[PDB]
file work_6.pdb (PDB, C-alpha atoms)
ATOM      1  CA  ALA A  72       3.502 -15.266  -4.821
ATOM      2  CA  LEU A  73       3.588 -17.246  -8.118
ATOM      3  CA  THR A  74       5.399 -15.490 -10.992
ATOM      4  CA  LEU A  75       5.850 -16.451 -14.664
ATOM      5  CA  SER A  76       8.757 -19.062 -14.088
ATOM      6  CA  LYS A  77      10.944 -16.241 -12.542
ATOM      7  CA  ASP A  78       9.721 -12.611 -12.210
ATOM      8  CA  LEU A  79      11.487  -9.441 -13.097
ATOM      9  CA  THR A  80      11.825  -8.540  -9.281
ATOM     10  CA  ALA A  81       9.565  -8.908  -6.175
ATOM     11  CA  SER A  82      10.300  -5.958  -3.755
ATOM     12  CA  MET A  83      12.887  -3.439  -2.381
ATOM     13  CA  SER A  84      12.077  -1.243   0.745
ATOM     14  CA  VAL A  85      14.625   1.546   1.130
ATOM     15  CA  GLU A  86      15.445   5.307   1.329
ATOM     16  CA  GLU A  87      15.909   6.361  -2.480
ATOM     17  CA  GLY A  88      18.256   3.988  -4.248
ATOM     18  CA  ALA A  89      16.108   0.799  -4.683
ATOM     19  CA  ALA A  90      17.148  -2.231  -6.841
ATOM     20  CA  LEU A  91      14.768  -2.946  -9.787
ATOM     21  CA  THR A  92      14.773  -5.353 -12.785
ATOM     22  CA  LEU A  93      12.056  -4.967 -15.444
ATOM     23  CA  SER A  94      12.176  -8.180 -17.586
ATOM     24  CA  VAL A  95      10.222 -10.091 -20.322
ATOM     25  CA  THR A  96      11.288 -11.606 -23.791
ATOM     26  CA  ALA A  97      10.463  -9.423 -26.961
ATOM     27  CA  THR A  98       9.243  -9.201 -30.604
ATOM     28  CA  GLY A  99       6.118  -7.418 -32.135
ATOM     29  CA  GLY A 100       3.867 -10.108 -30.507
ATOM     30  CA  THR A 101       5.177 -13.320 -32.178
ATOM     31  CA  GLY A 102       6.456 -16.005 -29.551
ATOM     32  CA  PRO A 103       8.112 -13.288 -27.402
ATOM     33  CA  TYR A 104       6.052 -10.195 -26.315
ATOM     34  CA  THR A 105       4.931  -6.620 -27.505
ATOM     35  CA  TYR A 106       4.191  -4.353 -24.502
ATOM     36  CA  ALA A 107       2.767  -1.665 -22.227
ATOM     37  CA  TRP A 108       4.751  -1.088 -18.956
ATOM     38  CA  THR A 109       3.390   0.722 -15.837
ATOM     39  CA  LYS A 110       3.981   0.758 -12.151
ATOM     40  CA  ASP A 111       1.480   1.203  -9.348
ATOM     41  CA  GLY A 112       0.910   4.990  -9.391
ATOM     42  CA  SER A 113       4.392   5.811 -10.878
ATOM     43  CA  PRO A 114       6.272   6.240 -14.328
ATOM     44  CA  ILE A 115       8.677   3.412 -15.454
ATOM     45  CA  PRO A 116      12.313   3.814 -16.877
ATOM     46  CA  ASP A 117      11.763   4.638 -20.649
ATOM     47  CA  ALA A 118      10.065   1.247 -21.427
ATOM     48  CA  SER A 119       9.341  -0.858 -24.462
ATOM     49  CA  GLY A 120      12.125  -3.424 -24.854
ATOM     50  CA  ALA A 121      12.295  -6.745 -23.028
ATOM     51  CA  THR A 122      14.941  -6.419 -20.223
ATOM     52  CA  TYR A 123      15.859  -3.128 -18.361
ATOM     53  CA  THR A 124      17.316  -2.617 -14.767
ATOM     54  CA  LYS A 125      17.143   0.371 -12.301
ATOM     55  CA  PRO A 126      20.161  -0.031  -9.816
ATOM     56  CA  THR A 127      19.221   3.116  -7.853
ATOM     57  CA  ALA A 128      15.607   4.290  -8.097
ATOM     58  CA  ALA A 129      14.702   7.950  -7.156
ATOM     59  CA  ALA A 130      11.295   9.379  -5.794
ATOM     60  CA  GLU A 131       9.233   9.072  -9.104
ATOM     61  CA  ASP A 132      10.752   5.500  -9.204
ATOM     62  CA  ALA A 133       8.545   4.649  -6.023
ATOM     63  CA  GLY A 134       5.377   2.354  -6.561
ATOM     64  CA  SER A 135       4.620  -1.128  -7.650
ATOM     65  CA  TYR A 136       5.754  -2.211 -11.258
ATOM     66  CA  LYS A 137       3.584  -4.337 -13.597
ATOM     67  CA  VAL A 138       3.583  -5.202 -17.297
ATOM     68  CA  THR A 139       0.927  -5.970 -20.053
ATOM     69  CA  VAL A 140       2.663  -8.158 -22.656
ATOM     70  CA  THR A 141       1.030  -9.586 -25.855
ATOM     71  CA  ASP A 142       2.305 -12.691 -27.855
ATOM     72  CA  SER A 143       1.547 -15.021 -30.861
ATOM     73  CA  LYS A 144      -2.008 -16.052 -30.006
ATOM     74  CA  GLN A 145      -2.525 -12.181 -30.028
ATOM     75  CA  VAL A 146      -2.965 -12.548 -26.279
ATOM     76  CA  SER A 147      -2.024 -10.006 -23.587
ATOM     77  CA  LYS A 148      -0.337 -11.576 -20.497
ATOM     78  CA  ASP A 149       0.591  -9.893 -17.201
ATOM     79  CA  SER A 150       3.990  -9.937 -15.599
ATOM     80  CA  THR A 151       4.628  -9.484 -11.905
ATOM     81  CA  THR A 152       4.220  -6.804  -9.265
ATOM     82  CA  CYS A 153       7.724  -5.570  -8.327
ATOM     83  CA  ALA A 154       7.150  -3.294  -5.274
ATOM     84  CA  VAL A 155       9.777  -0.560  -4.714
ATOM     85  CA  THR A 156       9.556   1.975  -1.979
ATOM     86  CA  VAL A 157      12.193   4.653  -2.024
ATOM     87  CA  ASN A 158      11.716   7.030   0.957
ATOM     88  CA  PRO A 159      13.199  10.520   1.746
ATOM     89  CA  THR A 160      15.522  10.343   4.935
ATOM     90  CA  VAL A 161      13.096   8.799   7.111
ATOM     91  CA  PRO A 162       9.552  10.191   7.964
ATOM     92  CA  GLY A 163       8.233   9.046  11.463
ATOM     93  CA  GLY A 164       7.100   5.446  10.719
ATOM     94  CA  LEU A 165      10.183   3.158  11.092
ATOM     95  CA  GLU A 166      12.501   4.542  13.809
ATOM     96  CA  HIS A 167      11.183   8.097  14.422
TER      97      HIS A 167
END
call {"tool": "encode", "arguments": {"input": "work_6.pdb", "output": "structure tokens"}}
result
Amino acid sequence: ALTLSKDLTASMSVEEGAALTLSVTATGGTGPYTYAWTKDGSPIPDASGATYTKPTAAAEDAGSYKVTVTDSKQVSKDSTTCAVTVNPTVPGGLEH
């Protein structure tokens, strides 16, 4: 439940149109971080920057988001699991 200070996001459970922030500080690994972004079985929005937001996530936007970020001790750090579930109009689990 413990993030790096504040996380990029924690979780959104919805039908497609979830609310996602992807966020770290960036350089080529000096102070701020150089990176590899992935999510929990799914592709992430473009990647490789520092701070990006997905205001409405579609089907390939469903999974859990995580990031491998290296800084100035040449050390790779991991930033938080942001879990977004974006369903089709709903399959028989919630109210059906």
call {"tool": "residues_near_point", "arguments": {"input": "work_6.pdb", "point": "(0.1, -11.4, -18.7)", "cutoff": "12 Å", "atoms": "only C-alpha atoms", "output": "ChimeraX atom specification"}}
result
/A:74-75,78,95,103-108,137-142,145-152
call {"tool": "closest_residue", "arguments": {"input": "work_6.pdb", "among": "A:85, A:79, A:118, A:73", "to": "residue 165 in chain A", "atoms": "all atoms listed in the file"}}
result
A:85
call {"tool": "residues_around", "arguments": {"input": "work_6.pdb", "residues": "residue 82 in chain A", "least_positions_apart": "4", "cutoff": "10 Å", "atoms": "all atoms listed in the file", "output": "PyMOL selection string"}}
result
chain A and resi 89-91+135-136+152-156
call {"tool": "atom_distance", "arguments": {"input": "work_6.pdb", "atom1": "CA of residue 163 in chain A", "atom2": "CA of residue 81 in chain A"}}
result
25.2 Å
call {"tool": "residues_around", "arguments": {"input": "work_6.pdb", "residues": "residue 121 in chain A", "least_positions_apart": "4", "cutoff": "7 Å", "atoms": "all atoms listed in the file", "output": "PyMOL selection string"}}
result
chain A and resi 94-97
call {"tool": "atom_distance", "arguments": {"input": "work_6.pdb", "atom1": "CA of residue 124 in chain A", "atom2": "CA of residue 93 in chain A"}}
result
5.8 Å
call {"tool": "atom_distance", "arguments": {"input": "work_6.pdb", "atom1": "CA of residue 100 in chain A", "atom2": "CA of residue 134 in chain A"}}
result
27.0 Å
call {"tool": "residues_near_point", "arguments": {"input": "work_6.pdb", "point": "(12.8, 8.6, 3.1)", "cutoff": "8 Å", "atoms": "all atoms listed in the file", "output": "list in words"}}
result
residues 85, 86, 87, 157, 158, 159, 160, 161 and 162 of chain A
call {"tool": "resolve_selection", "arguments": {"input": "work_6.pdb", "expression": "the PyMOL selection byres ((chain A and resi 116) around 10)", "output": "PyMOL selection string"}}
result
chain A and resi 93+108-109+114-115+117-119+123-125+128+131-132
call {"tool": "write_last_selection", "arguments": {"input": "work_6.pdb", "atoms": "C-alpha atoms", "output": "PDB file, keeping the file's coordinate frame"}}
result
ATOM      1  CA  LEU A  93      12.056  -4.967 -15.444  1.00  0.00           C
ATOM      2  CA  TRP A 108       4.751  -1.088 -18.956  1.00  0.00           C
ATOM      3  CA  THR A 109       3.390   0.722 -15.837  1.00  0.00           C
ATOM      4  CA  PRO A 114       6.272   6.240 -14.328  1.00  0.00           C
ATOM      5  CA  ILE A 115       8.677   3.412 -15.454  1.00  0.00           C
ATOM      6  CA  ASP A 117      11.763   4.638 -20.649  1.00  0.00           C
ATOM      7  CA  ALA A 118      10.065   1.247 -21.427  1.00  0.00           C
ATOM      8  CA  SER A 119       9.341  -0.858 -24.462  1.00  0.00           C
ATOM      9  CA  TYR A 123      15.859  -3.128 -18.361  1.00  0.00           C
ATOM     10  CA  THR A 124      17.316  -2.617 -14.767  1.00  0.00           C
ATOM     11  CA  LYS A 125      17.143   0.371 -12.301  1.00  0.00           C
ATOM     12  CA  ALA A 128      15.607   4.290  -8.097  1.00  0.00           C
ATOM     13  CA  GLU A 131       9.233   9.072  -9.104  1.00  0.00           C
ATOM     14  CA  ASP A 132      10.752   5.500  -9.204  1.00  0.00           C
TER      15      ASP A 132
END
call {"tool": "decode", "arguments": {"input": "work_6.pdb", "residues": "range 78-97 of chain A", "atoms": "N, CA, C and O atoms", "output": "mmCIF file, in the first residue's frame"}}
result
data_model
loop_
_atom_site.group_PDB
_atom_site.id
_atom_site.type_symbol
_atom_site.label_atom_id
_atom_site.label_comp_id
_atom_site.auth_asym_id
_atom_site.auth_seq_id
_atom_site.Cartn_x
_atom_site.Cartn_y
_atom_site.Cartn_z
ATOM 1 N N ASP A 78 2.313 7.888 -5.576
ATOM 2 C CA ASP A 78 2.308 7.028 -6.752
ATOM 3 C C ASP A 78 1.808 7.790 -7.951
ATOM 4 O O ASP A 78 1.258 8.881 -7.917
ATOM 5 N N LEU A 79 1.941 7.150 -9.115
ATOM 6 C CA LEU A 79 1.315 7.636 -10.302
ATOM 7 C C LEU A 79 -0.234 7.432 -10.302
ATOM 8 O O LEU A 79 -0.971 8.273 -10.781
ATOM 9 N N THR A 80 -0.807 6.373 -9.709
ATOM 10 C CA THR A 80 -2.247 6.123 -9.585
ATOM 11 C C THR A 80 -2.271 4.910 -8.678
ATOM 12 O O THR A 80 -1.208 4.351 -8.421
ATOM 13 N N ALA A 81 -3.448 4.431 -8.202
ATOM 14 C CA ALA A 81 -3.593 3.180 -7.484
ATOM 15 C C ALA A 81 -4.567 2.219 -8.179
ATOM 16 O O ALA A 81 -4.206 1.075 -8.456
ATOM 17 N N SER A 82 -5.816 2.633 -8.539
ATOM 18 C CA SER A 82 -6.747 1.747 -9.242
ATOM 19 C C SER A 82 -8.006 2.441 -9.763
ATOM 20 O O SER A 82 -8.587 3.257 -9.054
ATOM 21 N N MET A 83 -8.522 2.050 -10.978
ATOM 22 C CA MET A 83 -9.840 2.434 -11.452
ATOM 23 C C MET A 83 -10.588 1.188 -11.997
ATOM 24 O O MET A 83 -10.152 0.559 -12.974
ATOM 25 N N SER A 84 -11.765 0.809 -11.393
ATOM 26 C CA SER A 84 -12.609 -0.279 -11.919
ATOM 27 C C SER A 84 -13.833 0.315 -12.575
ATOM 28 O O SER A 84 -14.679 0.949 -11.950
ATOM 29 N N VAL A 85 -13.908 0.106 -13.908
ATOM 30 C CA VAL A 85 -14.938 0.649 -14.771
ATOM 31 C C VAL A 85 -15.231 -0.231 -15.994
ATOM 32 O O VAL A 85 -14.504 -1.167 -16.327
ATOM 33 N N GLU A 86 -16.288 0.153 -16.774
ATOM 34 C CA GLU A 86 -16.518 -0.178 -18.188
ATOM 35 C C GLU A 86 -15.619 0.806 -18.996
ATOM 36 O O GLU A 86 -15.408 1.919 -18.548
ATOM 37 N N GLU A 87 -14.973 0.461 -20.143
ATOM 38 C CA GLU A 87 -13.885 1.258 -20.803
ATOM 39 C C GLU A 87 -14.062 2.784 -20.933
ATOM 40 O O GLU A 87 -15.054 3.327 -21.413
ATOM 41 N N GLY A 88 -13.034 3.438 -20.344
ATOM 42 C CA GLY A 88 -12.952 4.816 -19.944
ATOM 43 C C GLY A 88 -12.494 4.930 -18.510
ATOM 44 O O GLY A 88 -13.093 5.656 -17.723
ATOM 45 N N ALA A 89 -11.351 4.259 -18.144
ATOM 46 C CA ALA A 89 -10.672 4.396 -16.846
ATOM 47 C C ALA A 89 -9.769 5.625 -16.791
ATOM 48 O O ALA A 89 -9.421 6.203 -17.818
ATOM 49 N N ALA A 90 -9.395 6.048 -15.553
ATOM 50 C CA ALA A 90 -8.593 7.255 -15.288
ATOM 51 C C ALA A 90 -7.213 6.905 -14.758
ATOM 52 O O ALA A 90 -7.071 6.451 -13.623
ATOM 53 N N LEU A 91 -6.170 7.053 -15.618
ATOM 54 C CA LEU A 91 -4.788 6.648 -15.370
ATOM 55 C C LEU A 91 -3.747 7.744 -15.405
ATOM 56 O O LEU A 91 -3.626 8.409 -16.418
ATOM 57 N N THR A 92 -2.862 7.877 -14.397
ATOM 58 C CA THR A 92 -1.668 8.715 -14.491
ATOM 59 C C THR A 92 -0.527 7.733 -14.409
ATOM 60 O O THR A 92 -0.540 6.804 -13.608
ATOM 61 N N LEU A 93 0.494 7.959 -15.263
ATOM 62 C CA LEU A 93 1.772 7.293 -15.353
ATOM 63 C C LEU A 93 2.742 8.407 -14.956
ATOM 64 O O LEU A 93 2.815 9.402 -15.677
ATOM 65 N N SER A 94 3.498 8.309 -13.821
ATOM 66 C CA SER A 94 4.343 9.441 -13.431
ATOM 67 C C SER A 94 5.542 9.057 -12.579
ATOM 68 O O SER A 94 5.432 8.340 -11.592
ATOM 69 N N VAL A 95 6.717 9.604 -12.987
ATOM 70 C CA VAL A 95 8.085 9.571 -12.459
ATOM 71 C C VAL A 95 8.750 10.894 -12.867
ATOM 72 O O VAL A 95 8.136 11.695 -13.564
ATOM 73 N N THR A 96 10.003 11.198 -12.428
ATOM 74 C CA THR A 96 10.827 12.370 -12.792
ATOM 75 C C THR A 96 11.908 11.866 -13.779
ATOM 76 O O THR A 96 12.388 10.751 -13.589
ATOM 77 N N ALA A 97 12.327 12.604 -14.865
ATOM 78 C CA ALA A 97 13.269 12.046 -15.862
ATOM 79 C C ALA A 97 14.419 12.854 -16.477
ATOM 80 O O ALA A 97 14.372 14.060 -16.722
#
